[PDB]
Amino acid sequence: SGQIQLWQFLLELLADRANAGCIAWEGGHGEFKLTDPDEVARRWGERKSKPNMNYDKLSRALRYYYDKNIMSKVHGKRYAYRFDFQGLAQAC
């Protein structure tokens, strides 16, 4: 469609320490955490033109990435996901 993709949006946030308040790399091996899921969802909505966006819908988008091998869940760790760069590369 041309619109910005979620993975790009998240990498941009994660590439700036200024955003550690809501999202940051943590744990290691591509692991990151949404330290403020509501905030991240708000930014995503605003950035995407979907004002009724929330973590419920955002996380669903993240889960959609599971099948694409672009991301996976850190099982048992609240709000903690894992970026798969090899998978991202294989998608290109």
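Numbers for residues come from their place in the sequence shown, where the first is 1.
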(request) Taking the mean of the C-alpha B-factors per stretch from the entry, tell me the winner out of 81 to 89 and 1 to 9. (result) 1 to 9
(request) State which stretch shows the higher mean Cα B factor in the entry: 11 to 19 or 67 to 75. (result) 11 to 19
(message) Taking only the Cα B-factors deposited for this chain, tell me whether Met53 sits in the lowest, middle or highest third.
(response) highest
(request) Determine, from the deposited record, the chain-internal third of the Cα B-factor for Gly30: lowest, middle or highest. (result) lowest
